[PDB]
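In: this one is an experimental structure. Sequence first:
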Amino acid sequence: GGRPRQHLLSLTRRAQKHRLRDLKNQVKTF
DNA sequence: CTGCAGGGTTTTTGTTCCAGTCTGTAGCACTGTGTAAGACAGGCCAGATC
């Protein structure tokens, strides 16, 4: 049914790839 | 109910390469601190003996 995931500031900067996609796109379009 | 097997899942974590851009290091030929006396030999003039 998915997966529990701990908070972001403990993950590597890389770990991120998944989270900002939509914001990178929205700022670009903007 | 349990146990673990072995699949589903999302989500780490990293993967290959080509433009570059920054950053730290090795490459450069090359530098600083050792620093003052005496000992031994030979000559020979002085100077005292006598």
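Out: Right, received. Where do you want to start? Residues are numbered from 1 along each chain as shown, chains lettered A, B, ... in the order given.

In: for the rest of this, base every contact and every neighbour count on C-alpha atoms.
Out: Will do.

In: quick check: the gap between residue A:9 and residue A:30.
Out: Counting by Cα to Cα, to the nearest Å, the gap from residue A:9 to residue A:30 is 27 Å.

In: next: residue A:4.
Out: 33 Å.

In: DNA strand B contacts on chain A?
Out: Residues of chain A found near DNA strand B (Cα under 7 Å from any atom of the strand) are A:1, A:2, A:3, A:4, A:5, A:11, A:12, A:14, A:15, A:16, A:17, A:18.

In: before we move on, what SS does the fourth one have?
Out: Taking DSSP: H, G, I helix; E, B strand; the rest coil as the rule, one finds residue A:4 in the coil state.

In: and it, backbone torsions?
Out: Dihedral angles of residue A:4 (phi, psi; degrees, to the nearest 10) stand at phi -70, psi 140.

In: residues near it, how many?
Out: Residues within reach of residue A:4, counting by other Cα atoms under 10 Å, total 6.

In: show me what contacts it?
Out: With contacts taken as Cα atoms under 8 Å, 6 or more residues apart in numbering, residue A:4 has no neighbouring residues.

In: what helix or strand is residue A:24 on?
Out: For residue A:24, the element it lies in under DSSP states H and E is helix A:21-29.

In: in chain A, what residue is nearest DNA strand B?
Out: When distances are taken as Cα to the nearest atom of the strand, chain A reaches nearest to DNA strand B at residue A:2, 3.6 Å away.

In: coming back round to it: any of the residues of chain A next to DNA strand B buried? List them.
Out: Buried members of those, scored by 16 or more other Cα atoms under 10 Å: none.

In: tell me, how many residues neighbour residue A:22?
Out: 10.
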